[PDB]
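**Q** Provided herewith is a single structure, encoded as C-alpha cells, for subsequent inquiry.
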Amino acid sequence: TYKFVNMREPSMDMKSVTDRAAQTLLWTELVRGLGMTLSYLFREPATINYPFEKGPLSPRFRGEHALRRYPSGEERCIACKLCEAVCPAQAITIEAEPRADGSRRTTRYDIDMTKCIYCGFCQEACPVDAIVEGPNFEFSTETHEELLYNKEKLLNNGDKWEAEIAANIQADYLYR
Amino acid sequence: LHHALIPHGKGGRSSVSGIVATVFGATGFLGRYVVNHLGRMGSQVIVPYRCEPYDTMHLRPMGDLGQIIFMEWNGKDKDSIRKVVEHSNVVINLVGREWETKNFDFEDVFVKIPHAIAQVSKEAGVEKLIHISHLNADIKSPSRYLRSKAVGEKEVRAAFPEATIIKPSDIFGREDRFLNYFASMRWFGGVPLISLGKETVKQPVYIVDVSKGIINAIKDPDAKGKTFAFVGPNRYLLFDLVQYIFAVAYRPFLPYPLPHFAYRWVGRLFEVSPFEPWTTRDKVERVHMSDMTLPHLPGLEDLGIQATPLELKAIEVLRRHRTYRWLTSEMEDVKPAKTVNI
Amino acid sequence: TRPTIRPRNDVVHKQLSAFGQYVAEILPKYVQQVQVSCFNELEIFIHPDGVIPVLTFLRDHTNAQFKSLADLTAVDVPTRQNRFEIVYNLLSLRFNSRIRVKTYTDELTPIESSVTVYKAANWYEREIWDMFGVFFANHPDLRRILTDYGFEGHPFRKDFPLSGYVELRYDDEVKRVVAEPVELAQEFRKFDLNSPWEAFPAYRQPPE
Amino acid sequence: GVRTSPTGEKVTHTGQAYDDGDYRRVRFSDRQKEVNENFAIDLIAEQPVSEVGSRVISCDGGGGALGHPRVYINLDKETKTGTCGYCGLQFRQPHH
Amino acid sequence: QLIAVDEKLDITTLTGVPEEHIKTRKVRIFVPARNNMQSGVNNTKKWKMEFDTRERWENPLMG
Amino acid sequence: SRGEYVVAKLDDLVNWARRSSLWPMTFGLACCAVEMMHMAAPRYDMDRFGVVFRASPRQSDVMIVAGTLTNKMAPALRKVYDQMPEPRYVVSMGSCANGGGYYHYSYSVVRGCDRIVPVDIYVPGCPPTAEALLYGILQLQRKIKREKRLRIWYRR
Amino acid sequence: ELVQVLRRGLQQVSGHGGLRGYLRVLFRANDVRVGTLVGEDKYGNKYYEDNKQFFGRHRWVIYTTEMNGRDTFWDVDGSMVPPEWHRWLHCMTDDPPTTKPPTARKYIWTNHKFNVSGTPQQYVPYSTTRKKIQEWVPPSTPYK
Amino acid sequence: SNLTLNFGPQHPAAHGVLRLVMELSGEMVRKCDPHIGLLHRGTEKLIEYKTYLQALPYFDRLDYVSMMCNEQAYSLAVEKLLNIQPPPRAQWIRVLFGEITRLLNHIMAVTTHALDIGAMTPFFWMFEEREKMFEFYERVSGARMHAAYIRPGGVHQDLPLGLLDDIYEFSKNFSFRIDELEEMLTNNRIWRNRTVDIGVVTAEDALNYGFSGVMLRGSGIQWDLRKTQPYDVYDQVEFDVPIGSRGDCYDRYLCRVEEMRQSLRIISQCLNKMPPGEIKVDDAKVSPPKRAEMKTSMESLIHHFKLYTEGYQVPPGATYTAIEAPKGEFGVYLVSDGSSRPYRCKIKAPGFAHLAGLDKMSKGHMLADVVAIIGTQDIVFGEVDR
Amino acid sequence: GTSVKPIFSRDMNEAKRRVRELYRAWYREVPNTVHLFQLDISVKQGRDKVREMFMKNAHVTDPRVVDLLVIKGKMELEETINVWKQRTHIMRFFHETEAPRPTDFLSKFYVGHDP
Ligand SMILES: COC1=C(OC)C(=O)C(C/C=C(\C)CC/C=C(\C)CC/C=C(/C)CC/C=C(/C)CC/C=C(/C)CC/C=C(\C)CC/C=C(\C)CC/C=C(/C)CC/C=C(/C)CCC=C(C)C)=C(C)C1=O
Ligand SMILES: CCCCCCCCCCCCCCCCC[C@@H](O)O[C@H](CO[C@H](O)CCCCCCCCCCCCCCC)COP(=O)(O)OCC[N+](C)(C)C
Ligand SMILES: CCCCCCCCCCCCCCCCC[C@@H](O)O[C@H](CO[C@H](O)CCCCCCCCCCCCCCC)COP(=O)(O)OCC[N+](C)(C)C
Ligand SMILES: NC(=O)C1=CN([C@@H]2O[C@H](COP(=O)(O)OP(=O)(O)OC[C@H]3O[C@@H](n4cnc5c(N)ncnc54)[C@H](OP(=O)(O)O)[C@@H]3O)[C@@H](O)[C@H]2O)C=CC1
Ligand code: SF4
Ligand code: SF4
Ligand code: SF4
Ligand SMILES: [Zn+2]
C-alpha cells in the first residue's frame with residue numbers, strides 16, 4: 001500500500017484564486033515561518049551547564065578500561081588471553097608466567113587506547129570479570145604516549161574507579 | 001655496547017639506530033634539520049628547550065612514539081645541563097645567536113655555554129660531543145662573533161679533548177638568514193654594498209649537506225678529535241652572488257657603493273630595536289668579509305658527501321620572493337653566476 | 001527443528017530451478033552451469049564471452065526483466081588457473097526476483113564492459129580494475145577510483161599484504177608528504193584459529 | 001610492598017626495573033613512573049586459611065555469578081593446603 | 001582472435017611489488033604438519049605457501 | 001620589577017583573548033564529525049563557550065581532526081593546516097585520528113594524524129562523546145591559558 | 001505575573017549568601033540557580049538537585065576552590081568528581097552516596113586524583129617485562 | 001575553455017571528504033567528476049582478516065549515520081549462511097531499533113540538506129531529538145552510536161526495565177517536531193524555488209543507473225524492500241510507502257518526511273506488540289551462553305571459550321542479502337569457505353550508484369543547484385568508500 | 001595455439017608502436033608538469049626520470065603485459081595532465097628522503113641480517 005505526496009491540484013474558484021494572490025502579494029507563509037521562529041525564541045533552551053551538569057548515562061556505558069581485583073586484594077586476571085583473542089582491533093598485548101607463589105598471572109597487560117574501538121568485547125569475553133570498561137570518559141591527554149596503557153596504569157584505574165564499577169556491574173550483571 | 005643500544009631494523013622510522021642524542025639549540029634553523037635526520041633513522045632525541053613549548057611543535061612529527069623527549073633547561077644553570085645529558089651517548093651543540101641581547105652577550109652564547117656543556121658532558125660520561133663554530137673564527141677577527149667563536153672552540157677543546165668540531169660557512173636554506181637577508185634588501189630599493197662587493201669572496205654551503213655531515217660525523221669512529229670545514233663547492237664574489245640572488249628572485253638589481261663608516265652607522269641604528277635586529281654592525285662586518293680557505297682541514301668529501309651547488313638549491317629558497325608574474329618560472333633559465341674558483 | 005532452524009521454502013526453490021532451466025535452454029552457447037542454493041538463490045555460471053548477450057537477455061526478455069544491477073564485484077581465488085571470478089547481481093522488479101551471473105578471467109584476459117547494458121556498472125567495473133587489476137575492454141573512462149594517486153598494485157588481491165608496501169609521513173626538510181617503506185611499530189599478530197576436526201560432513205571432499 | 005633499585009627507581013610487582021646504564025630512564029626525567037603499590041601476592045598472602053570438614057570443597061570466588069567459574073578442590077593431602085586456581089584462597093582439613 | 005603467444009607467463013611488472021621483495025624472497029610450499037597436541041587431521045588437507053622469516057626487534061617504547 | 005609585571009599582565013590578557021574565542025575549521029572526515037555536530041546541538045552548545053565554526057582556513061584558529069586520515073587525504077589535511085595563520089592548534093579526535101584505530105593495519109590509512117601535523121590535545125574514544133570532546137576543548141583552553149610568550153621574550 | 005519573576009530573581013540573589021556570594025557563583029559557574037543541597041564532597045564539592053527542572057538540569061555540582069595541590073577558583077574540570085558522586089551526577093542512579101555509600105575496600109584509593117596530563121605527574125608508558133636474552137660475561141682473569 | 005574548480009574535501013557542502021572536480025562555464029555546470037577514496041580504509045580486506053563476530057563492528061562504521069541498520073543487514077546474511085533463526089523478541093527489537101535508526105538518518109539527511117540550502121534553524125531543532133535517540137542507543141547498548149547491539153544470532157542484551165516507556169514518551173511527541181520542520185520548510189516559496197524541478201531523474205534512467213530507495217520512489221516507481229521482500233517481522237506491521245510524481249528534490253524531501261511519519265507508525269506498532277522470550281538463538285554453538293551458566297556448566301564454559309577465541313564456523317557458500325536501509329538498498333555479498341573467518345565480504349551501498357549518477361543528475365544546472373543535488377542524494381562517504 | 005586473446009596489440013610490433021606513442025606523450029608533457037607543479041627539478045631531470053621509468057621494465061617480451069603497462073602509463077599521464085596528482089605524488093618518483101641502501105655484501109653484512 002502506498003500514498004502520493006505531491007499529487008494535489010488547487011481549486012480555481014475566485015475566492016481561492018484571490019486568496020492565493022493575497023498570499024503571493026503579502027507573503028503569508030513567510031510570516032508563518034517568522035512566527036514559528038518567534039515561538040521558538042520564547043521557549044526554555046535545552047542547553048545544560050557543562051561542566052557543572054552532565055548528560056545522562058547508563059550502567060552499560062563503556063568508557064576507560066580498568067583491571068579489577070577480588071575482595072581479598074588478589075587480581076582477577078588469570079592470563080587466559082581471551083580478551084586479546086577477541087579484540088577486533090588487536091589492541092591488547094599479554095605476556096604471562098607463573099608467579100613466585102605459583103599463580104597464573106600476567107607480567108604484561110598492554111592496551112593501546114589509540115587502537116581500541118571501545119566495543120566492550122573484551123569484558124564480554126573475560127570469564128572472571130577481570131577487565132572492564134569503566135564509566136570514565138574524561139581522560140584526554142596532551143601526548144600520544146599517555147594513551148598507551150600498561151598493567152600498572154590499568155590497575156591504578158581499577159583501584160581508582162572500583163567503588164563505582166562494582167555498583168555498575170551489580171546493576172547490570174543480571175542482564176548478561 | 002649496552003644491548004639496549006644495539007642497532008635494529010632497516011633504518012626507518014620505527015627502527016633503532018642505537019643513538020641517544022642531546023641536541024642543544026634544536027629549535028633553530030640547523031637544529032630542525034639535525035633533529036629530522038636523527039629521527040629518520042629511529043634515534044632517540046632529547047631536545048632541551050628554553051622557549052615557549054608552542055615554538056617546538058614543529059619538532060613533534062620528526063620522530064616515532066617516544067623517540068623525541070622535550071625538557072626545559074637554562075643556559076646559566078649547570079644542573080639543567082646535567083639533567084638533559086645524563087643519559088645521552090652523543091651531545092650536539094648548536095647554541096648561537098646572530099645578534100647580541102641584553103641578557104646574553106656573545107661571550108655568554110659562544111664561550112660560557114659551550115664550555116659548560118662540554119664540561120658537564122665530560123663529567124657525565126658522554127662518548128661523543130659535536131660542536132659547531134665558524135669557518136672565519138679568528139682571535140684577531142674584527143667581529144666579536146668570530147672572536148667569541150674562536151675562544152669558545154678553544155675552551156671546548158680544552159674541556160672535551162675528543163670533541164668533533166665543525167666549521168661551516170654561511171649556510172643557506174629555506175629558513176636561512178643568508179639567502180633571505182640579501183633578498184630582503186629589495187624593500188629599501190637600493191642594494192648598499194661596501195666597495196660594491198667586489199672584494200669579498202663567499203663559499204656558502206647547503207643546510208642539508210651540513211646536517212648530513214653532522215650525522216655522518218656521529219657514526220664515524222675516526223672523527224673524535226678532528227676539526228672539519230664545511231664549505232660549498234663554488235666560491236663567488238659578493239657582487240655576483242647578490243646579482244644571482246636578485247636574478248633568481250626576478251627583482252630589479254640596483255647596487256650602490258656605501259662607505260664602511262656609513263654602513264657601520266646604519267647597522268648601529270637597526271641594532272637599537274627591542275626585537276631582533278634586521279642587521280647589526282657585527283652582521284655588516286661578517287657579510288663583507290672574505291671566507292677563509294683551509295686546505296689542511298677535512299671537509300664534506302671526507303665524510304662521503306658531495307656538496308650541493310648553490311645553483312641547484314637556490315630556487316627552492318628564492319621562489320618565495322618572486323611576484324605573481326614570475327612565480328612559475330623554471331630553475332634552469334637564470335644563467336648561473338660566475339665563480340672565481342682558484 | 002522448529003524454533004531455532006531457519007524454515008525452508010520449496011515453492012521458491014521450484015520456481016528458481018524452472019527459471020534456471022528456462023534460461024539455460026534459451027542460451028546454450030554461453031551458459032555452463034546453473035545452481036539453486038538451499039536458501040533459494042539462483043546462480044548461472046557462464047563463459048566470459050557471453051557477458052554482454054546473457055545480461056542483455058536478462059535485462060530485456062519479457063519473461064525475465066532484470067532492469068536493476070544491484071552489485072558487480074570480483075572474487076580472488078589464487079589456486080584456480082583463471083584467478084578472478086566476476087559476479088553480477090540482478091534484481092527484477094516486475095517478478096520480484098534476484099539472479100546471479102558468474103564468469104571468470106585471469107590477470108591478462110580482458111572482459112567486455114557492460115556499460116551499454118547497465119549504466120551502474122560504470123563505476124563498479126572501475127572499482128574492480130582498481131582493486132583486482134581486471135581490465136574491461138570498452139570502458140568509456142577506466143581509471144583508479146578508490147586507491148591513492150600513483151598507487152602501485154591492487155590491494156584486494158590475496159597476495160597483496162594487509163598493510164601494503166609504503167606508508168606516508170610529513171618530512172620537514174622537503175616540506176611535503178613523502179612515501180617510505182612500511183615499518184610497523186607492532187607487527188600484526190597472525191592467529192591460527194582453524195580447528196583440526198571436521199565441522200560439516202556434508203561438504204567433505206573426496207580424497208581422490 | 002614496593003622496593004627500590006640502587007638507582008632509586010621503584011620496582012613493580014612484575015619485578016621490572018631499568019639497569020643503571022639503561023638510557024630509557026630518561027623518559028622518567030621531569031616526570032614520574034607509574035607503579036601500583038597494592039601488590040597482589042602479599043595481599044593474597046595475608047588471607048587466612050579456611051578450615052572445612054570435607055575431603056572436597058568448592059570455590060567460586062564469592063558473589064556467585066560475580067566470581068570465577070566454580071571449581072572443586074581435593075583436600076586429601078595432609079602436609080599441604082588446597083589452593084584455588086582462580087581466587088588463590090587456601091583451604092585445609094582439620095588436623096592436630 | 002588468437003595471437004598464440006609463446007612466452008613464459010610473468011606478471012612481476014604488473015603486481016606493484018618492489019624488486020627487493022621479488023628477487024630476494026624465498027617462498028616455501030608445503031602441507032603443514034599436524035599439531036602434535038591434537039589428533040584431528042583436518043588441518044593437513046591443503047597446500048600452503050609462505051615466506052621466509054625476517055628480522056623482528058623490540059620497539060623501544062612498550063617493548 | 002616593573003617590566004616583568006607589565007609583560008605578565010599583557011601575556012595574561014592576550015592568552016585570555018585567544019582562549020575565549022576559538023574558531024575551529026569546518027573539517028570532518030568520518031563518524032567522529034557527527035559527534036562534533038552534536039556539540040553544536042542545543043544540549044551542549046559549544047557556541048556559548050566562544051567556539052564557533054568557520055569555513056575558510058584563513059579565519060580559523062583550531063583544527064579538529066575528526067575521522068580517519070587516509071593516504072589520499074593526507075596532502076589535503078597538511079595543506080589546509082599550512083594555510084591556517086598562526087597561532088594555530090590541532091585537536092586529534094577519536095581512535096582513527098589518534099593512532100589509526102580500527103584501521104591501524106590497513107594499507108591506505110595513516111597511523112595517527114601526528115605523522116602529518118603536530119597535535120596539541122588527543123581525545124580518546126570511538127567516537128568520543130560530545131562531552132568528551134567538550135572536555136578536550138576545555139583542556140585546550142587551559143593549555144592556552146598556561147602559555148607564556150611575552151614573559152619568555154622579556155627574559156631573552 | 002511580572003513582579004513575581006523579579007521577586008524570584010531577588011530571592012535567588014539572597015539565597016546565595018548576599019551579593020558577594022551571588023557574584024561569586026555567577027562568575028564561577030555562570031548560573032545563579034538555587035536548589036536543595038544533596039551533599040558535600042570530601043574535597044569540598046557541593047552537590048545540589050532540583051527536580052522541578054528538566055532532565056539534565058536537575059543535578060549539579062559547585063566545585064571546590066582548592067583541590068589536592070592546585071588552586072581551582074577558575075580552572076575547574078569534570079575529572080574532579082569522585083567515583084561515587086560521578087555515578088550519582090551522571091544520572092546513572094537515583095541514590096547519592098550519602099544514602100547508598102559504596103562498598104569499602106582496602107585497595108581502593110582514599111584520595112581521588114584529577115586528570116594529571118601536562119603535569120610532572122603524568123603517566124609515562126614503559127615495558128613491564130624482564131630481559132629476554134642474557135649475554136655471556138667474559139671472565140676477569142687474563143688467559144695467559 | 002571552462003574554468004575548473006575543486007569542490008571539497010575541505011568544504012562545508014562537500015559532506016565530509018569528497019573531492020569534486022567541476023567544469024564551469026560561468027556558474028553553469030558543464031561536467032561533474034567526483035573523486036572518492038579519501039575515506040577508503042580497506043574495510044573488506046580487514047574483514048577478510050577477522051572472524052565473523054570480530055567483523056561486526058566494521059559494519060556500523062560503513063554508514064555512521066544509521067549504524068543499527070548496517071549491523072542488521074550483516075546479521076541477516078550471517079544467519080542465512082548459518083541456517084538458523086533469531087527468536088521473535090529479537091526480531092521485534094531489531095525492527096523497532098531499525099525504525100529508530102531510520103528516524104535518525106532522515107533527520108540528519110533532511111536537516112543537513114536544508115543547512116546546505118541555507119536554512120540553519122531546522123538542524124538545531126531536530127538534533128535534540130537525535131540526542132534523545134542517542135540516549136536510547138546508549139541505554140540499550142552502552143555506546144551512543146556504535147552499539148554493535150544486533151548480532152548474527154539475535155541481539156546482545158535484553159532491554160532495560162524502563163526503556164519501552166521512554167520510547168513511547170519520545171514517540172508520542174516527535175510528531176509536533178516533524179510538524180514544525182514542515183511548517184518552516186514545506187510551503188516556503190524560497191524552499192520550493194530551491195528544490196522544485198532541480199535534479200529531475202526519470203524512472204527508466206533511475207532504474208538503469210542502479211538507483212534505489214527514495215531515489216526510485218521519487219520518480220513514481222512503487223518499490224520498497226520492506227513490502228516486497230520483508231525480512232524480520234515487517235510482514236506483521238502496517239505502513240504506507242510515499243510515492244513522488246516529479247522526481248525532483250522537493251518530491252524526495254516530501255517522501256523523506258512522510259517516511260519519518262510512517263516509521264513513527266511502525267514504532268507504535270512495535271511498542272504494542274513486543275513479545276516475551278529470549279533475545280538470542282538458543283544454540284550455544286552460535287550465540288554465547290549466559291554468564292551465569294558459563295561459570296557453573298562445563299559445556300557452557302567450553303562453548304564460551306571456543307566462541308570468543310576461534311568463533312563459530314559458517315558452512316561454505318555465497319549469499320547476497322539486501323535490506324531497505326534508510327539511504328536505499330544496502331546489501332552484502334558474503335562468501336564463506338567453511339572456516340570461522342569470512343572468505344569474501346563485498347558491501348553494496350546505494351551511495352555508490354547515487355554518486356555515480358550525480359553527473360547525469362546535474363545537467364544544465366547551476367553551482368548552488370549542484371549543492372542541492374548533492375544534498376538530496378543522502379550521501380555518506382564511509383559507505384561510499386568502504 | 002594456447003587460446004589466448006589480445007588486449008590491444010596482436011603482435012610485438014604494435015605494442016612497441018604504442019610504447020613509442022606513450023613515450024612521446026610523456027616527453028612532451030614533462031615541461032608543462034615542471035611549470036604547473038612548480039617543481040625544483042630541471043626539465044632534463046624529469047625527462048631522464050621518464051626514460052628510467054620506461055627502461056625499468058624493458059625486459060618484457062609478452063605483448064599483453066606490454067599493453068597493460070602502456071594502459072597504466074596512460075592512466076598516470078592523464079592523472080598528471082589534469083593536475084589530479086599533487087607535488088608529493090610527482091616527487092614520489094625520485095625518493096628524495098630515502099637513504100641509499102648499499103648493494104655490496106660487506107655493507108649488508110655490517111648493517112643487519114637482511115640479505
Ligand atoms: C552525514 O555526512 C556528513 C555530513 O553531511 C551533512 C557533513 O556535513 C560533515 C561535515 C560536518 C563538520 C565539518 C561539522 C560541521 C558542523 C555543522 C555542519 C554545522 C554546526 C554549526 C553551523 C556552522 C551553524 C552555524 C549557524 C549559527 C547561527 C552559528 C552563528 C553563526 C556565526 C558565524 C555568526 C557570528 C559570526 C562570529 C561570531 C564572528 C563574529 C565576530 C566578530 C568578527 C568580531 C567582533 C568584530 C570586531 C572587529 C569589533 C571591533 C570593534 C571594537 C572597537 C570593539 C571593542 C574593541 C576594544 C578593545 C574595546 C561530515 C563530516 C559528514 O560525515
Ligand atoms: C583599544 C582600547 C582597548 C585596550 C585594551 C583593553 C581591552 C579590554 C580588556 C578586557 C578585560 C577582561 C579580560 C579578563 C576578564 C576576567 C575574567 C576572569 O575569569 O579571567 C581569569 C583570569 O583572567 C586574566 O587574569 C585577566 C586578563 C586581563 C589582565 C589585565 C589586562 C589590562 C589591559 C591593559 C592594556 C594596555 C596596557 C598598557 C600598556 C600600553 C581566568 O578566567 P577563565 O578561567 O579563563 O574562565 C573561567 C571559565 N569558567 C567560568 C567556565 C569556570
Ligand atoms: C560616555 C559613556 C559611554 C558608555 C557607553 C555604553 C556602555 C559601554 C560599556 C560596555 C560594557 C562592557 C561589559 C562590562 C561587563 C563587566 C564584567 C566584569 O564584571 O568582569 C570583571 C572584568 O574586569 C575588567 O577589569 C573590566 C573590563 C571592562 C571594560 C572593557 C570595555 C572596553 C572599552 C574600554 C577598554 C579599557 C579597559 C580598562 C580596564 C582594563 C572581572 O574581571 P577581573 O576583576 O579582572 O577578575 C580577574 C582578576 N583576578 C583573578 C585577579 C581577580
Ligand atoms: N646559520 C648560519 O649561517 C651558520 C650558523 N653556524 C652556527 O651554527 C649554530 C646554529 O646555527 P643556526 O641554526 O643557523 O642558528 P639559530 O639562531 O637558528 O639557532 C639558535 C639556537 O640556539 C638557541 N639559543 C640561542 N641563544 C641561546 C641562549 N642564550 N640560551 C639558550 N639557547 C640559545 C636558540 O633557542 P631559542 O630559539 O628558543 O631562543 C635556538 O634554539 C650556531 O651556533 C651558528 O653560529 C655558523 C656558520 C653560519
Ligand atoms: S573494547 Fe574492544 S577494541 Fe577495546 S580493548 Fe576491548 S575488545 Fe579491544
Ligand atoms: S583480562 Fe580476563 S580475558 Fe583477559 S587475559 Fe585476563 S582473565 Fe583472560
Ligand atoms: S574513531 Fe571510530 S567513530 Fe571515529 S571516525 Fe574512526 S571508526 Fe568512526
Ligand atoms: Zn576461588
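Each chain in the C-alpha cells gets a letter, A, B and so on, in the order shown; residues start at 1 in every chain, and ligands are counted from 1 in the order they appear.
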Any chance you could tabulate, as JSON lines, the residues of chain F at most 10 Å from ligand 4 with each one's nearest atom pair and distance in Å to one decimal, using only C-alpha atoms and all ligand atoms, in chain and rising number order?
**A**
{"residue": "F:152", "atom": "CA", "partner": "ligand 4", "partner_atom_place_in_ligand_line": "38 (O)", "distance": 9.1}
{"residue": "F:153", "atom": "CA", "partner": "ligand 4", "partner_atom_place_in_ligand_line": "39 (O)", "distance": 8.8}
{"residue": "F:155", "atom": "CA", "partner": "ligand 4", "partner_atom_place_in_ligand_line": "29 (N)", "distance": 9.8}
{"residue": "F:156", "atom": "CA", "partner": "ligand 4", "partner_atom_place_in_ligand_line": "29 (N)", "distance": 7.2}
**Q** Counting only C-alpha atoms, which residues of chain E come no farther than 9 Å from chain B, as a VMD selection string?
**A** chain E and resid 55 to 61
**Q** Pick out the residues sitting within 9 Å of residue 16 (chain H), and hand them over as a list in words; count only C-alpha atoms, and ignore anything fewer than 4 positions along from it in its own chain.
**A**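 What passes the distance filter is residues 27, 28, 29, 30 and 33 of chain F; 8, 9, 10, 11, 12, 39, 380 and 381 of chain H.
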**Q** Calculated over only C-alpha atoms and all ligand atoms, which of the candidates F:31, F:17, F:117, F:10 has the smallest distance to ligand 1?
**A**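 Ranking F:31, F:17, F:117, F:10 by distance to ligand 1, first place goes to F:31.
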**Q** For residue 57 (chain I), list every protein, DNA or RNA residue within 7 Å, evaluated using only C-alpha atoms, and leave out those in the same chain fewer than 3 positions away; present the list as an NGL selection string.
**A** (:E and (13)) or (:I and (54 or 60))
**Q** Hey, can you spit out that residue selection with N, CA, C and O atoms as a CSV table (one decimal), in the first residue's frame?
**A**
chain,number,residue,atom,x,y,z
E,13,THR,N,55.9,-7.3,-13.3
E,13,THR,CA,55.8,-5.9,-13.6
E,13,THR,C,54.5,-5.2,-13.3
E,13,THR,O,54.4,-4.0,-13.2
I,54,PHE,N,60.7,4.1,-18.0
I,54,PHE,CA,60.4,3.3,-19.1
I,54,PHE,C,61.3,2.1,-19.2
I,54,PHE,O,60.9,1.0,-19.5
I,60,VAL,N,60.4,-7.0,-20.8
I,60,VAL,CA,59.1,-7.7,-21.1
I,60,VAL,C,59.1,-8.1,-22.5
I,60,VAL,O,59.3,-7.3,-23.4
**Q** Within 8 Å of ligand 2 (counting only C-alpha atoms and all ligand atoms), which residues show up? I'd like them as an mmCIF file with N, CA and C atoms, in the first residue's frame.
**A**
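Result file result_33.cif:
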data_model
loop_
_atom_site.group_PDB
_atom_site.id
_atom_site.type_symbol
_atom_site.label_atom_id
_atom_site.label_comp_id
_atom_site.auth_asym_id
_atom_site.auth_seq_id
_atom_site.Cartn_x
_atom_site.Cartn_y
_atom_site.Cartn_z
ATOM 1 N N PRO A 51 30.718 22.366 32.649
ATOM 2 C CA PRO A 51 30.908 21.058 33.286
ATOM 3 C C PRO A 51 30.176 20.899 34.611
ATOM 4 N N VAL F 6 54.429 44.183 33.721
ATOM 5 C CA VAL F 6 53.746 44.605 32.502
ATOM 6 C C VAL F 6 53.668 43.454 31.508
ATOM 7 N N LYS F 9 51.120 40.840 32.732
ATOM 8 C CA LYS F 9 49.738 41.269 32.546
ATOM 9 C C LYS F 9 49.334 41.231 31.077
ATOM 10 N N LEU F 10 50.201 41.724 30.189
ATOM 11 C CA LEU F 10 49.892 41.695 28.764
ATOM 12 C C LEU F 10 49.767 40.264 28.257
ATOM 13 N N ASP F 11 50.641 39.373 28.726
ATOM 14 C CA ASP F 11 50.568 37.978 28.322
ATOM 15 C C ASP F 11 49.274 37.337 28.802
ATOM 16 N N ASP F 12 48.859 37.634 30.037
ATOM 17 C CA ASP F 12 47.582 37.123 30.526
ATOM 18 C C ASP F 12 46.425 37.631 29.678
ATOM 19 N N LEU F 13 46.452 38.915 29.314
ATOM 20 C CA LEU F 13 45.375 39.474 28.500
ATOM 21 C C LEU F 13 45.307 38.809 27.129
ATOM 22 N N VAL F 14 46.456 38.650 26.469
ATOM 23 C CA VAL F 14 46.473 38.030 25.147
ATOM 24 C C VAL F 14 46.044 36.571 25.233
ATOM 25 N N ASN F 15 46.500 35.858 26.267
ATOM 26 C CA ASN F 15 46.104 34.467 26.438
ATOM 27 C C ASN F 15 44.606 34.348 26.664
ATOM 28 N N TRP F 16 44.027 35.250 27.459
ATOM 29 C CA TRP F 16 42.582 35.233 27.661
ATOM 30 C C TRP F 16 41.842 35.507 26.359
ATOM 31 N N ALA F 17 42.323 36.471 25.572
ATOM 32 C CA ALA F 17 41.658 36.796 24.315
ATOM 33 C C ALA F 17 41.692 35.616 23.353
ATOM 34 N N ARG F 19 42.048 32.489 24.230
ATOM 35 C CA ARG F 19 41.389 31.346 24.847
ATOM 36 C C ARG F 19 39.873 31.451 24.750
ATOM 37 N N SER F 20 39.334 32.664 24.878
ATOM 38 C CA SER F 20 37.886 32.820 24.967
ATOM 39 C C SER F 20 37.216 32.677 23.608
ATOM 40 N N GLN F 141 41.800 24.924 26.139
ATOM 41 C CA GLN F 141 41.713 26.279 26.674
ATOM 42 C C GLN F 141 42.638 26.459 27.871
ATOM 43 N N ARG F 142 42.671 25.473 28.767
ATOM 44 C CA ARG F 142 43.574 25.547 29.915
ATOM 45 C C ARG F 142 45.032 25.573 29.470
ATOM 46 N N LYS F 145 45.842 28.886 28.296
ATOM 47 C CA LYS F 145 45.986 29.767 29.450
ATOM 48 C C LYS F 145 47.363 29.643 30.084
ATOM 49 N N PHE G 27 30.090 34.411 38.488
ATOM 50 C CA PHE G 27 31.359 34.467 37.775
ATOM 51 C C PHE G 27 32.112 33.144 37.788
ATOM 52 N N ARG G 28 31.719 32.191 38.631
ATOM 53 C CA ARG G 28 32.381 30.895 38.667
ATOM 54 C C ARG G 28 31.633 29.816 37.896
ATOM 55 N N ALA G 29 30.307 29.749 38.023
ATOM 56 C CA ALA G 29 29.527 28.705 37.378
ATOM 57 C C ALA G 29 28.612 29.214 36.275
ATOM 58 N N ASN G 30 28.531 30.529 36.072
ATOM 59 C CA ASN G 30 27.674 31.143 35.058
ATOM 60 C C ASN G 30 26.206 30.780 35.242
ATOM 61 N N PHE G 73 39.927 28.017 41.683
ATOM 62 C CA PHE G 73 38.868 29.016 41.693
ATOM 63 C C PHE G 73 38.305 29.236 40.294
ATOM 64 N N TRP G 74 39.165 29.211 39.278
ATOM 65 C CA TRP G 74 38.764 29.452 37.899
ATOM 66 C C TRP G 74 38.848 28.210 37.025
ATOM 67 N N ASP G 75 39.920 27.428 37.147
ATOM 68 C CA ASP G 75 40.186 26.321 36.227
ATOM 69 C C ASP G 75 39.656 25.023 36.822
ATOM 70 N N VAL G 76 38.349 24.819 36.709
ATOM 71 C CA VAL G 76 37.722 23.581 37.131
ATOM 72 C C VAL G 76 37.571 22.673 35.918
#
**Q** If you count only C-alpha atoms and all ligand atoms, which residues end up within 7 Å of ligand 8, as a ChimeraX atom specification?
**A** /D:59-61,68,84-89
**Q** Excluding region 19-31 of chain H and its own-chain neighbours fewer than 6 positions away, which residues fall within 10 Å of it when counting only C-alpha atoms? Please give them as a ChimeraX atom specification.
**A** /F:73 /H:1-11,37-38,359-360,362-370 /I:84
**Q** Taking only C-alpha atoms into account, report as a ChimeraX atom specification which residues of chain C lie within 9 Å of chain F.
**A** /C:147-149,155,161-171,176-177,184,187-188
